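Report on the structure
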Amino acid sequence: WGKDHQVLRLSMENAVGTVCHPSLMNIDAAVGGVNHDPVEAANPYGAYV
Amino acid sequence: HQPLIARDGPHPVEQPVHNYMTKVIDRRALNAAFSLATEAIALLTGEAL
Amino acid sequence: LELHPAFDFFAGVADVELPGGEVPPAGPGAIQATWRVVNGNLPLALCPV
Amino acid sequence: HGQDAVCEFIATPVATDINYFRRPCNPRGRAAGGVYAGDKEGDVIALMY
Amino acid sequence: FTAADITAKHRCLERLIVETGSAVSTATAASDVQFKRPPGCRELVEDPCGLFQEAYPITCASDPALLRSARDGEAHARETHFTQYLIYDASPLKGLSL
Amino acid sequence: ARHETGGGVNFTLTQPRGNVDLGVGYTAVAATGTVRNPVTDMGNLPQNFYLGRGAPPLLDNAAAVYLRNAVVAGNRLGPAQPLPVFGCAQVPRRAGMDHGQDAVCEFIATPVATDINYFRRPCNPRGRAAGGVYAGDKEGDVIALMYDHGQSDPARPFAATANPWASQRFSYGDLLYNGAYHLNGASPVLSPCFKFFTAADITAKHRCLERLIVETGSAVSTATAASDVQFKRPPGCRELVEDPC
Amino acid sequence: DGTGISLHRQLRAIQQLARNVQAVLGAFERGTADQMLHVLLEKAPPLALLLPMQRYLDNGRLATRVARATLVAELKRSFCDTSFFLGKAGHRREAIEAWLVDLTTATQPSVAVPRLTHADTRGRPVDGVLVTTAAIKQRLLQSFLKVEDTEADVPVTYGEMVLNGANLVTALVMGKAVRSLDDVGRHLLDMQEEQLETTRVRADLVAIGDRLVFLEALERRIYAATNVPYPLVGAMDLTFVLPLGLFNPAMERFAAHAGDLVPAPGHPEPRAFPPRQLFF
Amino acid sequence: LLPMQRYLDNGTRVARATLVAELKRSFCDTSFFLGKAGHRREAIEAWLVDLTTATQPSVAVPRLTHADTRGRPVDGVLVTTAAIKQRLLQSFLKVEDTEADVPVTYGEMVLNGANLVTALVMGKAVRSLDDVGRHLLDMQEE
Amino acid sequence: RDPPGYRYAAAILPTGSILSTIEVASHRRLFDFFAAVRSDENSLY
Amino acid sequence: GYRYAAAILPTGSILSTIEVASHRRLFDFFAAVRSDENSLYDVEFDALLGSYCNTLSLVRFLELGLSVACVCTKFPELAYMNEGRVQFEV
Amino acid sequence: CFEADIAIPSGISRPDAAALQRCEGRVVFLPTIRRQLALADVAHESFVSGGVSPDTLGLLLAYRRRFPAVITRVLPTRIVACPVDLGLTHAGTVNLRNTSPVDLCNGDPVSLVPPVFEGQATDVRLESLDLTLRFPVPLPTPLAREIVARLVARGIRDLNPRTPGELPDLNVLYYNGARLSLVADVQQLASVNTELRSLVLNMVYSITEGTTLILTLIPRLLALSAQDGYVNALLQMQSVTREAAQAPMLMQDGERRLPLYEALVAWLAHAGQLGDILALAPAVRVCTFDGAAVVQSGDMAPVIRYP
Amino acid sequence: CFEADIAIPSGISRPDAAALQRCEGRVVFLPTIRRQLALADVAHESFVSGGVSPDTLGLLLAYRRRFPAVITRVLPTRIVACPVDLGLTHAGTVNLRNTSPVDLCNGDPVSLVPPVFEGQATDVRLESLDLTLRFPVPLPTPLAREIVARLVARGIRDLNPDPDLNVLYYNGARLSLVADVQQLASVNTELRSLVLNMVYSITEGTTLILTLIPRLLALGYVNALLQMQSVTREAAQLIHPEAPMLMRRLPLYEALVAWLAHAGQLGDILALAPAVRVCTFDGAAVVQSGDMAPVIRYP
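Residues numbered from 1 in each chain as written, not as in the entry; some residues may be left out. Chains lettered and ligands numbered in written order. Part of a larger assembly, values for the part shown. Heavy atoms only, no water. Residues with missing side-chain atoms left out of burial classes, pairs and counts.

Within chain K, the secondary structure is distributed over eight helices and 13 strands. Seen through its C-alpha atoms, chain K measures out along the principal axes to roughly 75 × 50 × 40 Å. (Helix = DSSP H or I, 4+ residues; strand = E, 2+ residues; numbered from the N terminus.)

Here it is, written out as structure tokens:
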């Protein structure tokens, strides 16, 4: 309810301006933020081609 | 200056305290202004007579 | 090691280029990412069957 | 009606329970308040993250 | 979501509670769609949301069929259904009309 | 009373004095009616027996430090940099705490058909009316009031127990939760269950009922409000707790 | 030295002790009341339990093991039901009227005639105290009326008598050095130095039934700012029992109506299996 | 403030946490208090006395005899807005001593006696110097 | 330090009445300068 | 000399009349000034304005309402007893 | 006290005079016993050797051959310091300042450690007198002995690389909770090497002839493992004792020398002394008169003599 | 000095009063140094640390932790003790009660556990309020360091069985360590946890060093000087032990701190540091059992 006896609508076609902007794939700093303090080896069966 | 209450036994003994704090003036300066139009000064000077 | 809906983060091999070899030369662990392709790629603790 | 609000969206998992809502909460899912800490000089951001 | 906006703040409650009276809103009422605050000097808003790091849920529901039951309080509102779900208000605004 | 230390002299002053009741009957009752707030947030915390170490472990090592770190791995009560021979368990203090002190939840196995009508009621954990008040003044009575399960339960009068896996001697609360055996109790965490399952402390305990209720504005608690997760009481800093249970 | 500065900083030690001697001599009179709050509460039983305890003794006496049981089985009900009554029923009235009047005379008069009585400005002797906190005394007075408030009599008998306390004003100074000649004589000129540059005492005397009590609250006066927990606050520790993961007995497996707690039509209705979850 | 003042008495991490959860629910409850259940005539009255009795009285000043109405002094201010004070007048507190006030006129201090000399030769200029300066020559003989 | 501290030496030359009393350290983040009474100070003499 | 209003009374003989500061310049502060300079007229003071003490209320024990329940009485040497304890009939 | 003074030598930055006021109860390492001494040998520029600054193991070796001193009273002319090594004869219990994240205990021995913490650098800077000041961090001694073993072994990993880069950091500490991370920036070799050799050479002499009979009972240790609580908790998971399990060697001459009793002597001679030969000697003990059981961070604790 | 008072609790008997008359001049341990103390800080029941009775390890943790106090004059309603640990060095002469060895004119005597001697000797119990005062034994520094390493060596032969360690002459006397008839069976269960501590710190380190030093010197001033002072000592111990025993760096250096952490525990546990000195005046220089001795404050 808005500023009245109004009722509004927030149906999930609302999400088109938020996520569909091409920054969703932009994860370069995240791998750049995690790759220091390096991990131990984690028996890579399915990580290796 | 704070008082105290003498307890006994396992709670520790107390001793009087003092405070001595110091505070600083801050200086505000509030403003008014006004105008006289150009026609009025020589009228007040006695020129335009 | 789970950060994003469209990608994955898993402790893989250090430097090895993917289309090659039989066994990875397991040295240091450097973590890397990959693209989740579909909506089904998200884990099933984050989606009931 | 007056000035507009701005709705922003944050990717959340579908099986994050409604019981976490109907209650005053963070939008991030974890408490992050610095007032919640206890002055340890590391109970800043390592509370949040 | 700025941890620096948490990190820059101190914690002694002698000093903390008085800025809850007068703090700076990031929003300004002086534009048609609300804006990030210009250097148009200050606001002196109340805003408890920063000091508690909180937010409030309002009367909302997944269907109008729950929202009709949401009237006249939380006495008899259908909190959930088959997959349909309601969130009753919890706010300083509870009890009030608007 | 003087004592010279660093800096200067330091006078200490004390005045010895005493009191008396000076009333043949009861005097000065004290009611209790308003509450500010709970001290604890009323619960949801596992109990970790790996905090204690008195129990003889598994003999196979492959099961020993597999099942040990399977539980301890992330518990709110989980011993990291583990149990020294001399030292403390080092409970992980987290950075921020919100609702208050934590309560501790402990567990006793029960059969599934120990009917719920015994609950919804002030009923007792160990399935038996266990207090030293209830007996019939025989002075060998309260071991038989607590264990003689050829007799009945004074709490639930048509039967002997409510839980055979709680009540009897060596009935597995008797091994875990009795401080005379103390497989636990090397832990700094206060067990909530030590008030029950203790035949030694309820070994007649006191029985003159008239003196008994004035000690219920007394009897310094098992708990201390001074820690993040509640601990068993350090011998300093008494608290004059009420504690009817 | 012959400098007045030598005399002037000799002043600022005297004006250090002259505030300290009153601080420790004050701390006993402050400490005198704090003992009384311990020694009353040490012999105070909780009054949700003594209102049946007297009416057990309102008989001949019984130790025949039957009355001992029926004492306990009523005693646990009075505590399980009416313990926190004020606040449990604060919406009511004319029960809090009845709640005090038994609490006014649940105890019994001691073996005691004082010979020095506290008056009521007419003639009336006072027979009770009723120490309460500051917070409770506020909402109690304005809704549960109310009296003439002046104590005509409170004698300074041989009870505190600071004439015996004047020794450590001089002897502690005598224990060190020749400060003994000073530390008693300085207290004469300290009366205007530190302060500024059988009698009546105000109190509150509510009369209930046919009785009279000095209903007075502390901690706004004589516990504040001293880092002392105010002794009329405390802890009730109650252990709780939750059965977890048990199972419905053979009789109670019904639904109380046909259509209720029903799932969507392609769903198992998970309420039909033994529960492991628990909610509180 | 009204819970916050209660912890400033009696003198601590558990006391810190038990404050804040209690505080944020009390904020969600006891705010916008006149519009919420303003029908309760009784609720406003005790809410007014906590407005009246929560703050700490500082060291009293003897000079400004701001008392009025035949001799009872004035100990509060309570500046509100328009419609609230009318509504506070209309039903809740129709409680009027008078409408009559006896204020005072200004006070002052001007650098006259030795305050000049302590400012243009020395740096420190004591407010009400000479009453202190005599008594600094008075205490050493007591 | 001392240009706040001389004010506590000026507080040793007192005229100023403080009306209501609560704990000072709750308002530690309010003052410009805090000193603490601990029964004595070797500096004030 | 540094505080100029102090030198309005010279209180002593300016007497040598030799070329100042062409000598050893041993002075901690000296200013070779022409006919005028603006710093000669500056007036400054950092002033002290306030000091307040609170009353320390010496409150006797025979004032409060809880004096009624107790009958305090003088008995020295109670440290010397292992028993001075009270016996009563009924 | 056997009073020792250090004067304020040359000039003052006017807020930095107040910086010397809030250092009351700290520790100055002055490499002498003087009635007066300049402030030049006080600061960390004197701790810096020829050309190079010590590491946090070299500062242990730098705090070896100097003398700690307690700030007693702070004048604008001097600073009176009491010589810890001799003048600890204080029934007045001359007071110290706890500058440490750990709330200690009552009754702890207290030894001094260089600032190595991630957030308690204790760096105060003087620019009129160009000096840098690192105050030592007073800590409880088992927690102090938990630190020095980490930092040398971290420098033991500075000799050999071999392993993959994910090493156990030796940089998470445990006191009842309280995850502590310290600084790992530089490891000078000679401070590691001389500390490593005494760890080697003392462990040489701590083995004797009758010591060898004890080595037979290594499979006897795990027989107690699956049948009690105390032993199984005593036996560490990250231990070589669980790894080495997967005999008199007669040579018996005379057999009246008490060979098993003589084993525990010389083992205790050198392996019994491993905390104090690597680190500084504890001489400070927690002793509060008021019955306070702990001492807060920033407090002034009373200090008594050698433990 | 700074004499501290320990409060006598309520009603005790005359033998409980006479039990307080057979202890004038003993040694008492206390947690804090408050000028008025109670008896609840004193008793052996105040030594509970994990919910059970402490062992000789659990005592020697506290015996190195809390504070010694020596009762000069016994009192009704009070206990006067002028404590040792306060006061400047070699001042405030105090008086002790000897136990079976001498306590010569010097020696710097050390407080230590009761069950290294007769266990229910000096475990003086109050009968009325039902508490137990287990007074420590004041042994001088050579023999105190001697007997502590013998019973734990005797605990080894009592651990896994198949000379006699218990004779141990003094300068003149023959000191019977064995109080056979009921004590020694209680000895090996009251030093029970302690023997495991002397063992596990040896089995860990020796099996750590023999995979440390071969992993060192090739992974150079410490290299050649490793066996320089250890020529035919460590290599001979490498010849003797590594042959008749068994033979990993990232758990190894993790075990390096942990053993040496346990090592720093034991040095505070063991070795029984001197706390008070006998250096009297005008005595016969030789103290006997049951006789007083002027004892001065600091080593």
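More follows now that the structure is in view.
Helix and strand counts for chain F stand at five helices and four strands. In terms of overall dimensions, chain F has a C-alpha envelope of 70 × 55 × 35 Å along the principal axes. When contacts within chain F are restricted to residue pairs at least 6 apart in sequence, long-range pairs at least 24 apart make up 61% of them. (Contact = heavy atoms within 4.5 Å.)

For the rest of this paragraph, the subject is the side chain of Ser69(E). Residues and elements named next belong to chain E. Within the secondary structure layout, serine 69 lies in the loop between α4 (64–67) and β4 (86–87). At 2.5 Å, the side chain of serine 69 forms a polar contact with the backbone oxygen of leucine 66. When near neighbours in sequence (up to four residues on either side) are disregarded, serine 69 contacts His76, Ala77, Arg78 and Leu86. (Polar contact = N/O pair within 3.5 Å; in protein donor to acceptor, adjacent residues only side chain to side chain.)

One disulfide in the model links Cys1(K) with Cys82(K); its S-S distance is 2.0 Å. In this pair, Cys1(K) is assigned in the segment before β1 (4–7) and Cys82(K) in strand β5 (residues 78–83), connecting sequence segments 81 residues apart. With its sulfur 2.0 Å from that of its partner, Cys1(L) forms a disulfide with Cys82(L). Of this pair, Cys1(L) sits in the segment before β1 (4–7) while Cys82(L) is found in strand β5 (residues 79–83), placing the two residues 81 residues apart along the sequence. Left without a disulfide partner, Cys23(L) is nearest to the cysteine sulfur of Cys82(L), which lies 18 Å away. Counting only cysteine sulfurs, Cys105(L) is the nearest neighbor of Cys279(L), a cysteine outside any disulfide, at a range of 5.4 Å. (Disulfide = S-S within 2.5 Å.)

Turning next to the sheet that holds strand β2 (residues 27–30) of chain K. Taken together, the five strands give an open sheet; going across it, the order is β2-β4-β5-β1-β3 (chain K), and neighbouring strands pair in mixed fashion. Two strands close off the open sheet at either side, each with one partner strand: β2 and β3 (36–37) of chain K. (Pairing = 2+ DSSP bridges.)

This brings us to the packing of aromatic side chains. An angle of 40° between the planes, with centres 5.6 Å apart, marks the rings of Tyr20(D) and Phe21(D) as tilted. Aromatic side chains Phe29(K) and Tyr63(K) sit 3.9 Å apart centroid to centroid with 15° between the ring planes, which places their arrangement in the stacked category. Taken together, the residues span a long stretch of sequence, with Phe29(K) in strand β2 and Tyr63(K) in helix α3 (residues 58–64) at a distance of 34 residues. Taken together, the ring pairs connect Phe29(K), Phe47(K) and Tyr63(K) into an aromatic cluster. (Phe/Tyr/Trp six-rings, centres within 6.5 Å; stacked < 30°, edge-to-face > 60°.)

Next up on the list: the sheet that holds strand β4 (residues 67–74) of chain L. All names here are of chain L. Judged by pairing direction, the sheet is mixed, and its five strands sit side by side in the order β2-β4-β5-β1-β3 without closing on themselves. Either end of the sheet is taken by a strand with one partner, and the two such strands are β2 (27–30) and β3 (36–38). Between one strand axis and the next, the sheet turns through 40° on average, direction left out of account. Pairing of β4 with β5 involves five bridges; the strand directions are antiparallel. By the bridge assignment, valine 70 is partnered in β5 with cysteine 82. (Axes fitted to C-alpha atoms, helices over the stretch in contact; angles between N-to-C directions.)

Each partner contributes to the interface: chain L provides 71 residues, whereas chain K provides 70 residues. Looking at the side of chain L that touches chain K, the elements with two or more residues in it are α3 (141–157), α5 (192–209) and α8 (249–269) of chain L. Of the residues belonging to the side of chain L that touches chain K, the class tally is 38 nonpolar, 17 polar and 16 charged. (Nonpolar A, V, L, I, M, F, W, Y, C, P; charged D, E, K, R; others polar.)

So, on to the packing of α5(L) against α8(L). Residue and element names in this part refer to chain L. Between α5 and α8, whose axes approach to 10 Å, the crossing angle comes to 145°. Along this stretch, α5 crosses α8, giving a crossing that reads as left-handed. Taking contact as the criterion, the partners of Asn197, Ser201, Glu204, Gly205 and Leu208 in α5 are, on α8, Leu252, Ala255, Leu256, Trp259, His262 and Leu266. Looking at side-chain class alone, the contact of α5 with α8 contains six nonpolar, four polar and one charged residues. (Left-handed = near helix turned anticlockwise from the far one by under 90°.)

This part covers the pattern of salt bridges. Among the ionic pairs, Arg22(D) bridges to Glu79(E), the shortest N-O distance being 3.0 Å. A salt bridge links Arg94(F) to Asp102(F), with the nearest nitrogen and oxygen atoms 3.2 Å apart. (Salt bridge = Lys/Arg side-chain N within 4 Å of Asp/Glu carboxyl O.)

Next up on the list: the arrangement of the chains. Contacts are most numerous between chains K and L, taken over all 33 pairs of chains that touch. In this view chain C stays clear of chain E, with the nearest C-alpha atoms of the two still 13 Å from each other. Taking C-alpha atoms only, the smallest gap left between chain D and chain J, which are not in contact, amounts to 33 Å.

In this section: the environment of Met203(K). Residue placement: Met203(K) occurs in helix α5 (residues 189–205). Through-space distance from the C-alpha of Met203(K) to that of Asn232(K) is 26 Å; in sequence the pair is 29 residues apart.

Before going further, it helps to spend a moment on the packing of helix α8 (residues 259–270) of chain K against α3(L). The N-to-C vectors of α8(K) and α3(L) enclose an angle of 125°; their axes lie 9 Å apart at closest approach. Considering their axes alone, α8(K) and α3(L) lie oblique with respect to each other. Seen from above, α8(K) lies across α3(L) with right-handed handedness. For the pair α8(K) and α3(L), contact is made by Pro259(K), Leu260(K), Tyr261(K) and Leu264(K) and by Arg145(L), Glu146(L), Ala149(L), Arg150(L), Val152(L), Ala153(L) and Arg157(L), respectively. Classifying every residue of the contact of α8(K) with α3(L) gives seven nonpolar, no polar and four charged. (Parallel < 35°, antiparallel > 145°, perpendicular 65-115°, else oblique.)

Residues and elements named next belong to chain L. Two elements, strand β8 (residues 123–126) and strand β9 (residues 131–134), share four bridges in a ladder whose sense is antiparallel. Within β9, the residue paired with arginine 125 across the bridge is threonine 132. The antiparallel hairpin formed by β8 and β9 contains four residues in its connecting segment, where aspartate 130 sits at a positive phi of about 65°.

All names here are of chain K. Judged from the four bridges that link them, strand β8 (residues 123–126) and strand β9 (residues 131–134) form a sheet pairing that is antiparallel. By the bridge assignment, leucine 126 is partnered in β9 with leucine 131. Linking two consecutive strands that pair antiparallel, namely β8 and β9, is a turn of four residues.

The next thing to look at is unusual backbone geometry. The residue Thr121(G) is not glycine, and still its phi comes out positive at about 70°. Tracing the backbone through its elements, the reader meets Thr121(G) in the loop between α5 (96–104) and β1 (131–132).

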